[PDB]
Amino acid sequence: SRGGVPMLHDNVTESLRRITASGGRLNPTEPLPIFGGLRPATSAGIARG
Amino acid sequence: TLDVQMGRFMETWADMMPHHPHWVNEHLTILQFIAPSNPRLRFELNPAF
């Protein structure tokens, strides 16, 4: 969720949630549109935590 | 022969490669090829083939 400012380095911290989100279940996205309430994809139903 | 297509060898190893390394993975301790959700595993397979 949003509020920030633009743009003179991107695609390698693009190596940073395409190279960041580590160590557990499920991990994120590539292309970056804007400004919403944001209902997306499929995840999981219940066994421990 | 071995002087020309040679070492000018990398150049035409740039019709080619700076995207760094995928099953390149060979150095740490037990976990970034035993945790849950990843691009490069559908390959390193069988006791056949």
# chains A, B, ... in the order shown; residues from 1 in each chain; ligands from 1
call {"tool": "residues_around", "arguments": {"residues": "residue 37 in chain B", "least_positions_apart": "4", "cutoff": "8 Å", "atoms": "only C-alpha atoms", "output": "JSON list (two decimals) with C-alpha atoms, in the first residue's frame"}}
result
[["chain", "number", "residue", "atom", "x", "y", "z"],
["A", 25, "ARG", "CA", 5.24, -20.38, 2.66],
["A", 26, "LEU", "CA", 4.46, -18.11, -0.29],
["A", 27, "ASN", "CA", 6.10, -15.26, -2.16]]
call {"tool": "interface_residues", "arguments": {"of": "chain B", "to": "chain A", "cutoff": "12 Å", "atoms": "only C-alpha atoms", "output": "ChimeraX atom specification"}}
result
/B:19-20,30-39
call {"tool": "write_last_selection", "arguments": {"atoms": "N, CA and C atoms", "output": "PDB file, in the first residue's frame"}}
result
ATOM      1  N   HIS B  19      22.462 -13.068 -16.909  1.00  0.00           N
ATOM      2  CA  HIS B  19      21.373 -13.242 -15.948  1.00  0.00           C
ATOM      3  C   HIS B  19      21.781 -14.241 -14.904  1.00  0.00           C
ATOM      4  N   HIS B  20      21.954 -13.774 -13.744  1.00  0.00           N
ATOM      5  CA  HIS B  20      22.919 -14.495 -12.986  1.00  0.00           C
ATOM      6  C   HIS B  20      22.312 -15.792 -12.430  1.00  0.00           C
ATOM      7  N   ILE B  30      21.479 -25.811   5.259  1.00  0.00           N
ATOM      8  CA  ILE B  30      20.454 -26.723   4.644  1.00  0.00           C
ATOM      9  C   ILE B  30      19.241 -26.071   3.907  1.00  0.00           C
ATOM     10  N   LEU B  31      19.114 -24.745   3.945  1.00  0.00           N
ATOM     11  CA  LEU B  31      17.896 -24.310   3.296  1.00  0.00           C
ATOM     12  C   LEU B  31      17.935 -22.980   2.422  1.00  0.00           C
ATOM     13  N   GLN B  32      18.237 -23.096   1.056  1.00  0.00           N
ATOM     14  CA  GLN B  32      17.491 -22.532  -0.131  1.00  0.00           C
ATOM     15  C   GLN B  32      17.362 -23.504  -1.393  1.00  0.00           C
ATOM     16  N   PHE B  33      17.198 -24.854  -1.164  1.00  0.00           N
ATOM     17  CA  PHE B  33      16.619 -26.004  -1.950  1.00  0.00           C
ATOM     18  C   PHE B  33      15.813 -27.136  -1.153  1.00  0.00           C
ATOM     19  N   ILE B  34      15.492 -27.005   0.179  1.00  0.00           N
ATOM     20  CA  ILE B  34      14.433 -27.692   1.012  1.00  0.00           C
ATOM     21  C   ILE B  34      13.229 -26.844   1.730  1.00  0.00           C
ATOM     22  N   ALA B  35      12.897 -25.530   1.413  1.00  0.00           N
ATOM     23  CA  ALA B  35      11.688 -24.728   1.827  1.00  0.00           C
ATOM     24  C   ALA B  35      10.633 -24.480   0.711  1.00  0.00           C
ATOM     25  N   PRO B  36       9.517 -23.750   0.929  1.00  0.00           N
ATOM     26  CA  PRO B  36       8.299 -24.116   0.143  1.00  0.00           C
ATOM     27  C   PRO B  36       7.925 -23.565  -1.298  1.00  0.00           C
ATOM     28  N   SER B  37       8.405 -22.459  -1.922  1.00  0.00           N
ATOM     29  CA  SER B  37       7.688 -22.144  -3.200  1.00  0.00           C
ATOM     30  C   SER B  37       8.491 -21.471  -4.333  1.00  0.00           C
ATOM     31  N   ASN B  38       9.059 -22.207  -5.312  1.00  0.00           N
ATOM     32  CA  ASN B  38      10.262 -21.700  -6.008  1.00  0.00           C
ATOM     33  C   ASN B  38      10.211 -21.853  -7.547  1.00  0.00           C
ATOM     34  N   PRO B  39      10.721 -20.894  -8.355  1.00  0.00           N
ATOM     35  CA  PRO B  39      10.982 -21.149  -9.775  1.00  0.00           C
ATOM     36  C   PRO B  39      11.840 -22.299 -10.085  1.00  0.00           C
TER      37      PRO B  39
END
call {"tool": "select_by_dssp", "arguments": {"residues": "chain B", "states": "helix (DSSP H, G or I)", "output": "JSON, numbers by chain"}}
result
{"B": [4, 5, 6, 7, 9, 10, 11, 12]}
call {"tool": "write_last_selection", "arguments": {"atoms": "C-alpha atoms", "output": "mmCIF file, in the first residue's frame"}}
result
data_model
loop_
_atom_site.group_PDB
_atom_site.id
_atom_site.type_symbol
_atom_site.label_atom_id
_atom_site.label_comp_id
_atom_site.auth_asym_id
_atom_site.auth_seq_id
_atom_site.Cartn_x
_atom_site.Cartn_y
_atom_site.Cartn_z
ATOM 1 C CA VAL B 4 40.487 -17.460 -33.078
ATOM 2 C CA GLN B 5 36.787 -18.635 -32.428
ATOM 3 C CA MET B 6 38.538 -19.011 -29.184
ATOM 4 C CA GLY B 7 39.125 -15.954 -27.021
ATOM 5 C CA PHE B 9 35.295 -16.932 -26.968
ATOM 6 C CA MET B 10 33.359 -14.923 -24.387
ATOM 7 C CA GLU B 11 32.091 -12.325 -27.114
ATOM 8 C CA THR B 12 29.977 -14.915 -28.711
#
call {"tool": "residues_around", "arguments": {"residues": "residue 14 in chain A", "least_positions_apart": "5", "cutoff": "10 Å", "atoms": "only C-alpha atoms", "output": "ChimeraX atom specification"}}
result
/A:9,19-20,29-31
call {"tool": "write_last_selection", "arguments": {"atoms": "C-alpha atoms", "output": "PDB file, in the first residue's frame"}}
result
ATOM      1  CA  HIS A   9      16.928   3.101  -9.896  1.00  0.00           C
ATOM      2  CA  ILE A  19      15.346 -11.223  -4.986  1.00  0.00           C
ATOM      3  CA  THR A  20      13.752 -10.586  -1.362  1.00  0.00           C
ATOM      4  CA  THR A  29       4.815 -10.465  -7.578  1.00  0.00           C
ATOM      5  CA  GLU A  30       6.435  -8.912 -10.700  1.00  0.00           C
ATOM      6  CA  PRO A  31       4.851  -5.929 -12.608  1.00  0.00           C
TER       7      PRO A  31
END
call {"tool": "residues_around", "arguments": {"residues": "residue 34 in chain A", "least_positions_apart": "6", "cutoff": "12 Å", "atoms": "only C-alpha atoms", "output": "number ranges by chain"}}
result
A: 1-4
call {"tool": "write_last_selection", "arguments": {"atoms": "N, CA and C atoms", "output": "PDB file, in the first residue's frame"}}
result
ATOM      1  N   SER A   1       0.808  -1.215   0.000  1.00  0.00           N
ATOM      2  CA  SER A   1       0.000   0.000   0.000  1.00  0.00           C
ATOM      3  C   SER A   1       0.843   1.268   0.000  1.00  0.00           C
ATOM      4  N   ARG A   2       0.257   2.344  -0.536  1.00  0.00           N
ATOM      5  CA  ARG A   2       0.991   3.321  -1.328  1.00  0.00           C
ATOM      6  C   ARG A   2       0.995   4.722  -0.726  1.00  0.00           C
ATOM      7  N   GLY A   3       1.710   5.631  -1.404  1.00  0.00           N
ATOM      8  CA  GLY A   3       1.995   6.960  -0.885  1.00  0.00           C
ATOM      9  C   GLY A   3       3.342   7.593  -1.222  1.00  0.00           C
ATOM     10  N   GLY A   4       4.183   6.933  -2.033  1.00  0.00           N
ATOM     11  CA  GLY A   4       5.560   7.380  -2.206  1.00  0.00           C
ATOM     12  C   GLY A   4       5.837   8.109  -3.514  1.00  0.00           C
TER      13      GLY A   4
END
call {"tool": "atom_distance", "arguments": {"atom1": "CA of residue 15 in chain A", "atom2": "CA of residue 37 in chain A"}}
result
25.4 Å
call {"tool": "decode", "arguments": {"residues": "range 33-49 of chain B", "atoms": "N, CA, C and O atoms", "output": "PDB file, in the first residue's frame"}}
result
ATOM      1  N   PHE B  33      17.198 -24.854  -1.164  1.00  0.00           N
ATOM      2  CA  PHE B  33      16.619 -26.004  -1.950  1.00  0.00           C
ATOM      3  C   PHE B  33      15.813 -27.136  -1.153  1.00  0.00           C
ATOM      4  O   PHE B  33      15.537 -28.175  -1.744  1.00  0.00           O
ATOM      5  N   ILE B  34      15.492 -27.005   0.179  1.00  0.00           N
ATOM      6  CA  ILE B  34      14.433 -27.692   1.012  1.00  0.00           C
ATOM      7  C   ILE B  34      13.229 -26.844   1.730  1.00  0.00           C
ATOM      8  O   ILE B  34      12.592 -27.401   2.617  1.00  0.00           O
ATOM      9  N   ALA B  35      12.897 -25.530   1.413  1.00  0.00           N
ATOM     10  CA  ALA B  35      11.688 -24.728   1.827  1.00  0.00           C
ATOM     11  C   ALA B  35      10.633 -24.480   0.711  1.00  0.00           C
ATOM     12  O   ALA B  35      10.772 -24.976  -0.370  1.00  0.00           O
ATOM     13  N   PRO B  36       9.517 -23.750   0.929  1.00  0.00           N
ATOM     14  CA  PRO B  36       8.299 -24.116   0.143  1.00  0.00           C
ATOM     15  C   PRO B  36       7.925 -23.565  -1.298  1.00  0.00           C
ATOM     16  O   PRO B  36       7.090 -24.250  -1.893  1.00  0.00           O
ATOM     17  N   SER B  37       8.405 -22.459  -1.922  1.00  0.00           N
ATOM     18  CA  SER B  37       7.688 -22.144  -3.200  1.00  0.00           C
ATOM     19  C   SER B  37       8.491 -21.471  -4.333  1.00  0.00           C
ATOM     20  O   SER B  37       8.403 -20.245  -4.442  1.00  0.00           O
ATOM     21  N   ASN B  38       9.059 -22.207  -5.312  1.00  0.00           N
ATOM     22  CA  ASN B  38      10.262 -21.700  -6.008  1.00  0.00           C
ATOM     23  C   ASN B  38      10.211 -21.853  -7.547  1.00  0.00           C
ATOM     24  O   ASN B  38       9.685 -22.859  -8.031  1.00  0.00           O
ATOM     25  N   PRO B  39      10.721 -20.894  -8.355  1.00  0.00           N
ATOM     26  CA  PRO B  39      10.982 -21.149  -9.775  1.00  0.00           C
ATOM     27  C   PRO B  39      11.840 -22.299 -10.085  1.00  0.00           C
ATOM     28  O   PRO B  39      11.349 -23.215 -10.742  1.00  0.00           O
ATOM     29  N   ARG B  40      13.108 -22.304  -9.728  1.00  0.00           N
ATOM     30  CA  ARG B  40      13.727 -23.449 -10.349  1.00  0.00           C
ATOM     31  C   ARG B  40      13.710 -24.728  -9.543  1.00  0.00           C
ATOM     32  O   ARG B  40      14.752 -25.329  -9.420  1.00  0.00           O
ATOM     33  N   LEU B  41      12.599 -25.283  -9.111  1.00  0.00           N
ATOM     34  CA  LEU B  41      12.641 -26.735  -9.135  1.00  0.00           C
ATOM     35  C   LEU B  41      11.383 -27.257  -9.851  1.00  0.00           C
ATOM     36  O   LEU B  41      10.273 -26.908  -9.456  1.00  0.00           O
ATOM     37  N   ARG B  42      11.576 -27.919 -11.025  1.00  0.00           N
ATOM     38  CA  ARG B  42      10.929 -28.996 -11.803  1.00  0.00           C
ATOM     39  C   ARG B  42      11.923 -29.906 -12.592  1.00  0.00           C
ATOM     40  O   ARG B  42      11.467 -30.649 -13.467  1.00  0.00           O
ATOM     41  N   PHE B  43      13.242 -29.876 -12.299  1.00  0.00           N
ATOM     42  CA  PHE B  43      14.371 -30.536 -12.977  1.00  0.00           C
ATOM     43  C   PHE B  43      15.154 -31.663 -12.258  1.00  0.00           C
ATOM     44  O   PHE B  43      15.297 -32.734 -12.826  1.00  0.00           O
ATOM     45  N   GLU B  44      15.815 -31.431 -11.144  1.00  0.00           N
ATOM     46  CA  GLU B  44      17.011 -32.212 -10.789  1.00  0.00           C
ATOM     47  C   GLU B  44      16.592 -33.614 -10.315  1.00  0.00           C
ATOM     48  O   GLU B  44      16.747 -33.947  -9.144  1.00  0.00           O
ATOM     49  N   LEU B  45      16.132 -34.476 -11.239  1.00  0.00           N
ATOM     50  CA  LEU B  45      15.130 -35.440 -10.812  1.00  0.00           C
ATOM     51  C   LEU B  45      15.512 -36.849 -10.367  1.00  0.00           C
ATOM     52  O   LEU B  45      15.633 -37.081  -9.160  1.00  0.00           O
ATOM     53  N   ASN B  46      15.727 -37.836 -11.311  1.00  0.00           N
ATOM     54  CA  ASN B  46      15.064 -39.151 -11.021  1.00  0.00           C
ATOM     55  C   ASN B  46      16.054 -40.213 -10.508  1.00  0.00           C
ATOM     56  O   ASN B  46      17.225 -39.891 -10.357  1.00  0.00           O
ATOM     57  N   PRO B  47      15.674 -41.459 -10.146  1.00  0.00           N
ATOM     58  CA  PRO B  47      16.716 -42.474 -10.051  1.00  0.00           C
ATOM     59  C   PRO B  47      16.685 -43.385 -11.250  1.00  0.00           C
ATOM     60  O   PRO B  47      17.648 -44.116 -11.481  1.00  0.00           O
ATOM     61  N   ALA B  48      15.640 -43.320 -12.079  1.00  0.00           N
ATOM     62  CA  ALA B  48      16.042 -43.230 -13.448  1.00  0.00           C
ATOM     63  C   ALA B  48      16.369 -41.824 -13.755  1.00  0.00           C
ATOM     64  O   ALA B  48      16.979 -41.210 -12.905  1.00  0.00           O
ATOM     65  N   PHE B  49      15.609 -41.174 -14.575  1.00  0.00           N
ATOM     66  CA  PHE B  49      16.388 -40.536 -15.610  1.00  0.00           C
ATOM     67  C   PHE B  49      16.834 -39.119 -15.310  1.00  0.00           C
ATOM     68  O   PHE B  49      16.220 -38.372 -14.544  1.00  0.00           O
TER      69      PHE B  49
END
